[PDB]
Amino acid sequence: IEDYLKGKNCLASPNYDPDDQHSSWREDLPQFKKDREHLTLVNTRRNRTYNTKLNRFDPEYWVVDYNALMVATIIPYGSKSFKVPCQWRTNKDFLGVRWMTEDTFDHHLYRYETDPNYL
Amino acid sequence: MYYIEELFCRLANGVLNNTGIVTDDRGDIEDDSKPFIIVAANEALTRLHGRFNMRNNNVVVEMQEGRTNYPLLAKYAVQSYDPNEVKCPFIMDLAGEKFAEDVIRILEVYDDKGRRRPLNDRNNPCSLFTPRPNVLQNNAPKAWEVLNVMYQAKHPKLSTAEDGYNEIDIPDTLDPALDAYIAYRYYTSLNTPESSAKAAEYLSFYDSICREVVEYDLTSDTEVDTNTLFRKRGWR
Amino acid sequence: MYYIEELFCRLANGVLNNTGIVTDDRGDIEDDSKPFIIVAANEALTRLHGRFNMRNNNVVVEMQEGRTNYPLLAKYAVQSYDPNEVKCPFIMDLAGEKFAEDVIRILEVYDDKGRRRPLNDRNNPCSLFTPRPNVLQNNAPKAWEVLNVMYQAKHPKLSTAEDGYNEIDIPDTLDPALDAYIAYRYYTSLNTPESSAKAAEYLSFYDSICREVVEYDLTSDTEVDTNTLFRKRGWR
Amino acid sequence: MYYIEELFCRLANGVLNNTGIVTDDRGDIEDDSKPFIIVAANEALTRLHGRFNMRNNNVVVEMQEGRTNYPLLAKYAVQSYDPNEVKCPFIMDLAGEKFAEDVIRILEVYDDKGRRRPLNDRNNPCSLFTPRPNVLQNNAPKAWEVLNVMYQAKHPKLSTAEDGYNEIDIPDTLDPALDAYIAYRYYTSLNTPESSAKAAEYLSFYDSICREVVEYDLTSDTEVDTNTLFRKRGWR
Amino acid sequence: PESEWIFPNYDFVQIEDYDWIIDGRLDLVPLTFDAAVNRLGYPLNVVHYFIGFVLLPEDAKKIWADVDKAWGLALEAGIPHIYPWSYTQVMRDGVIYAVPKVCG
Amino acid sequence: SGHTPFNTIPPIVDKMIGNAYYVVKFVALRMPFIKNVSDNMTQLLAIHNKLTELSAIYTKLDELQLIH
Amino acid sequence: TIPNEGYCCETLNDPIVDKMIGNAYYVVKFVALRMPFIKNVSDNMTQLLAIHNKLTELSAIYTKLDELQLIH
Amino acid sequence: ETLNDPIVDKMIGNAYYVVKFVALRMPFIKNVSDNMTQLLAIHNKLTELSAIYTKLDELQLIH
Amino acid sequence: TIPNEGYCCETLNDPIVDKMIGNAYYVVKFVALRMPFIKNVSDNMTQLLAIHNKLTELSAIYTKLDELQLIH
Amino acid sequence: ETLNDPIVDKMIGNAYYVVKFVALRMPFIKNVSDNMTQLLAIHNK
């Protein structure tokens, strides 16, 4: 801000651009814009139109849920196939591989259309 | 003298209580429409500062040789300027608030020697000129000439962004006029005949308040002084 | 004088008797709708104290060396200043009479030695100036110079908080005017055309009450004094 | 001064807030509809600079032997002339201040020796003539005669191209007038009767703003000078 | 044990300011940047910073508001690598990076 | 409303030119004395760091010099 | 032979000029431009006061300073 | 009488307090300022004087 | 040398009154600033009256303070 | 007095600082141009 204290403000300087010679009458703004692009949240009031088609029951969107006493993960390995390795530790272990009608994990800009009609 | 946050609360619990631009609890305005109020608020404050001479501010300009036009812009001040662009700023605000670029009309100019420089006098050889309202022109910059400019100043621009100006400084008797003007812009933007009639009423109310202030002179706008021409003309 | 609760009862059993913001027993306004009335009530009081010179209050300002502008803000009062950023306050008040920034228009200024000080006299070197309505400027601060400023004052701002003011001190003949303005603000908020017609009636009624007071001079607004120019002009 | 993008935001969050040509986030006008605003914006600026003498700019013209008519066109400027068909330019400007043909009305002409040259004086043999508003005619081109022309100038034409101008330099008190005229042009384009009524309101509002500026003289339009005829008439 | 966690004992350093951002204590944020270069001795080019912590969805727009302010200080401080703390909280709240509107 | 600062030209404690201005002129005319001390602030601080030790050496006037 | 004076060219810690002592703005600008020098002395006034109180003690050490070197 | 006070307020303002503080104690600074060469001659050998202070106990026995 | 006066600075309840008796505001501000000193005496006026009632009683014993120490 | 400043600003403007920069060191340029041929002779061989 107050760099004027350090001095070095003499008008006599060798740097000069002949392509931008101007008088005191000309005043213009530089082209620099978009300084910070601050972080912000999305607006849920507007619903952005979907721009791509997702095949139903796509293997890349399945999710899993199970009891806290076991360990299981889901990994795809093909165009229409996936594997679910798991470890069983108790008799009450219950692994559930499920497909969600609505999107509740992806970003608001990456969610898919919700449709409860599977007829 | 209150912050910008109270303005939103006052509008939410005021003229704009019925509309849907306020939150569910009528405590604040939606973030999606906050800049809409800011644009109206900046417009309303400019109108009030034009009709009334509420604020008077002065700046210090240092003459630089080879330059005849001295725009009163923020980028030429000693504060908030780019050292890479302008090598030596000529507007000094070393103390107090920074120069907010709020020039409307130049009133008088006094130099460092203590005399008064005539302004816009075409027949005066040593008079200054204003080719533009916010641009001051000197036709003979001297070595150590420094000019002080007294001008009618508007309120600094308000902004909800970080490190912006978020304080309102107007006389409290003009608060109803501010609310009426903001409401006028909001309702007239709906393009609805029901809302258009309501918008016209608010505009008339805003004008009614302003003329009431002038009628009773609550801003001390008028100014008189002891006559000095009596001795100047030699009446004795 | 009466509590703000009595105002709520009077509005509940008054103009707002047929509104949905009152309690089932018509004894009080709805709690969530109380801030709406408070904002309108403060606005109504400001207008009344502007047209009518009802309250005349004075403040004491101490000149400080090296300072010319003396804003009349509570942050410079001895009872409310913050020592972190303020070296020493210059506005003097009492613990039970804290300065509330109720300045509307400056009337006269007297120094500690009893001499009247001219205001806004551009041709008088010793005169004081007011660049802003609530800012006092002295161009020559002396050592022990103390200034007293007498001004027209607004009613202190009401607040529902316990520490804030909760009383109203206005002439009882203006109570219908206060109720009419509050009713006008409420009915104007509703955008139904039927309410718009009702809102205009209260505003017209409010104006009629104000002119009736002026016509009969019930607030002793008119003031006269014995002639002194007869001696000064030397008519003898 | 501000970028044209800020104008787009101000229109998006202003009069055009309820239009179909704004983005979903109300942050900018639709790209395909941008040239519509640009054409209207340039038209609005021309009207403002005509009623109000805001910008006074001067140009330098060099007399060429064998030429009497000197059109004030950019094709005769040194920075924009084509050597194929122009032997030598006579309008002198700088690389960063290229002549933009912003001439509206000629005010005064001074030669290189400092003598005022009368304009359109039919009875004066040495007077200059203007057969066209933007064409200067000299009936006696001398050897080293150079003329300076000071004229009322319009704002440079805006353009969405990068090389073109992208900034607005007008008094901030006229911003509502600029928005009103643009709004009037947009709503007038729509042929629905409801939009026609709305269009007239903005045009009337635009006229009201302009007269308010004239009434208070916020642009220093009025100009006076010391009397000189008293000496010339020999009153003494 | 500060005597064991000096710069030569590790290749780079990671720090967080979750406690000072839950409250409006933005004044203590630059102290973290200061302590990375002198208190610990690590150079600037090996400093990794985690911005903030949100947890409850109800405080998203409140906490993330202070998150952006801390990021600006980090950019001013010249931190080479800056990450948000939680991938889950980013997707749960849906935070984006957009230029603030020039309207005001 | 408002007085231009540069329009300066229209008993014991008070001054004709202004109490605030007289102090500024007083400091300005003695600026090099202030700058000389300011430029050597670190040197003075170093002496002030152990200024007690130098005093103790000083207090022994004759003993420290008779040996030489 | 050509003029070179000016505030921009004078913007450095240099001795004041006696030509424009009577210029009211110049005197105020001179002090305001050199505020850090005033600030640097003011904020550590306590240290200087103790040193000022012991001027004679330091002078005596300097008088026989060269003798003290040979003692070491 | 000259109204030079507003110039000080415009250019210095709230920073006037430190100027007044230094102005009051000007003679104290002047005594330090004109004796700078004395302190500088001591500044270049602080370590030597400190070392002498740490071995002066033997001199009491010698004396 | 330079002036040093004022109300905000160089004024406290501990220093003594100045020569500016004529200024009505000064004396009123003088007492108002030193209000707690007056309050401390006022609310404890009962104790002072009892002590003053035996003022000569404590004067006589004061005459033989050293002699009473012999017994102890 | 004569008001020749506007002509310089209108025709040179931003480039005036270059003129001042060179003019401030005219004698240095003067002491070289006068004996230019000596430098050329050295540069010849």
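Residues numbered from 1 in each chain as written, not as in the entry; some residues may be left out. Chains lettered and ligands numbered in written order. Part of a larger assembly, values for the part shown. Heavy atoms only, no water.

**Some thoughts on the overall build of chain E**
Note the following rule: Only DSSP runs of H or I with at least four residues qualify as helices, and only runs of E with at least two residues qualify as strands; both kinds are numbered from the N terminus onward. The rule is simple: take the accessible area with a 1.4 Å probe, protein chains only, and divide by the maximum for that residue type; under 20% is buried, over 50% is exposed, in between is partly exposed. Here the Shrake-Rupley method, with its probe set to 1.4 Å, supplies the accessible areas, and only the displayed protein chains count as covering residues. For the purpose of counting charges, residues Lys and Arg are taken to be positive, whereas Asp and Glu are taken to be negative. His and the chain ends are not included. By convention, charge coordinates are those of NZ in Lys, CZ in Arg, CG in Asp, or CD in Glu.
Along chain E, the regular secondary structure elements total four helices and four strands. For chain E, the α and β elements follow one another from N to C terminus as β-α-α-β-α-β-α-β. Taken over the C-alpha atoms alone, chain E extends approximately 45 × 30 × 20 Å along its principal axes. Expressed as a percentage of its 104 residues, the buried residues of chain E come to 37%. Of the roughly 6100 Å² that chain E leaves accessible, carbon and sulfur atoms contribute 62%. Treating the 7 positive side-chain charges of chain E as one cloud and the 15 negative ones as another, the clouds have centres 11 Å apart.

**Some remarks on the interface of chain B and chain D**
We apply this condition: Two residues form a contact once any of their heavy atoms are found within 4.5 Å. Buried area: the accessible surface (1.4 Å probe) lost by two parts on joining, summed over both. Take a side-chain nitrogen of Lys or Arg and a carboxyl oxygen of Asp or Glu: if they are within 4 Å of each other, that pair is a salt bridge. Here a polar contact is recorded for every N or O atom pair within 3.5 Å, except that within protein the pair must consist of a potential hydrogen donor and a potential acceptor, and residues adjacent in sequence are included only if both atoms are side-chain atoms. Residues are grouped as follows: nonpolar covers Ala, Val, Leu, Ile, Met, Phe, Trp, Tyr, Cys and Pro; charged covers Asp, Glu, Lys and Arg; every other residue, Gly included, is treated as polar.
In this assembly, 31 residues from chain B lie in contact with 33 residues from chain D. Overall, the association of chain B and chain D removes approximately 2900 Å² of surface from exposure, summing both partners, and the carbon and sulfur fraction of that is 45%. Where chain B touches chain D, the interface holds four salt bridges. The residue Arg-51 of chain B makes a salt bridge to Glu-212 of chain D at a minimum N-O spacing of 3.9 Å. Along the contact surface separating chain B from chain D lie 15 residue pairs in polar contact. Taken together, the elements giving at least two residues each to the side of chain B that touches chain D come down to α2 (34-51), β5 (103-111), β7 (129-132), α3 (175-188) and α4 (193-216) of chain B. Residue contributions to the side of chain B that touches chain D peak at eight residues, all from α2 of chain B. Residue composition of the side of chain B that touches chain D, grouped by class: twelve nonpolar, nine polar and ten charged.

**Focus on the environment of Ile-104 of chain D**
Residue and element names in this part refer to chain D. In this structure, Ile-104 sits in strand β5 (residues 103-111). A relative accessible area of 30% means that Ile-104 is categorised as partly exposed. In the structure, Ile-104 is positioned 30 residues away from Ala-74 in sequence and 15 Å away in space, judged by C-alpha atoms. What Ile-104 contacts, discounting residues up to four positions off in sequence, is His-49, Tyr-151, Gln-152, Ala-153 and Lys-154.

**Thoughts on the pattern of salt bridges**
A complete count under the given rule lists 51 salt bridges over all chains for this structure. Put simply, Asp-225 of chain D and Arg-122 of chain B hold a salt bridge, and the shortest N to O gap is 3.6 Å. Of this pair, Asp-225 of chain D sits in the loop between α4 (193-216) and α5 (229-232) while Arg-122 of chain B is found in the loop between β6 (116-117) and β7, placing the two residues in two different chains. Residue classification places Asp-225 of chain D among the partly exposed positions, given a relative accessible area of 35%. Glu-145 of chain D serves as the salt-bridge partner of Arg-117 of chain D, at 2.9 Å between the closest nitrogen and oxygen. Here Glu-145 of chain D lies in the loop between β7 (135-137) and β8 (146-153) and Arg-117 of chain D lies in the loop between β5 and β6 (129-132), a separation of 28 residues in the sequence. Accessibility expressed as a relative area gives 7% for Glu-145 of chain D, which makes it buried. Members of the salt-bridge network, linked through shared partners, are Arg-47, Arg-51, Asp-207 and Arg-211 of chain B together with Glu-212 of chain D.

**Considerations on the interface of chain F and chain H**
In this assembly, 34 residues from chain F lie in contact with 31 residues from chain H. Buried area between chain F and chain H, summed over both chains or domains, comes out near 3200 Å², and the portion from carbon and sulfur atoms is 78%. Applying the counting rule to chain F against chain H returns zero salt bridges. The tally of links between chain F and chain H comes to six residue pairs in polar contact. When contributions to the side of chain F that touches chain H are tallied by element, the ones reaching two or more residues are α1 (19-29), α2 (31-39), α3 (41-49), α4 (51-59) and α5 (63-66) of chain F. Broken down by element, the residue count for the side of chain F that touches chain H peaks at seven residues, all from α1 of chain F.

**Structural notes on the sheet that holds strand β2 (residues 56-62) of chain D**
Residue and element names in this part refer to chain D. Stated formally: For two strands to count as paired, DSSP must find a minimum of two bridges between them.
Here four strands make up an open sheet; going across it, the order is β4-β2-β8-β5 and the pairing antiparallel. Every other strand in the sheet has two partners, leaving β4 (91-92) and β5 as the edge strands with one partner each. Bridge count between β5 and β8: seven bridges; the pairing is antiparallel. Within β8, the residue paired with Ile-106 across the bridge is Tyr-151.

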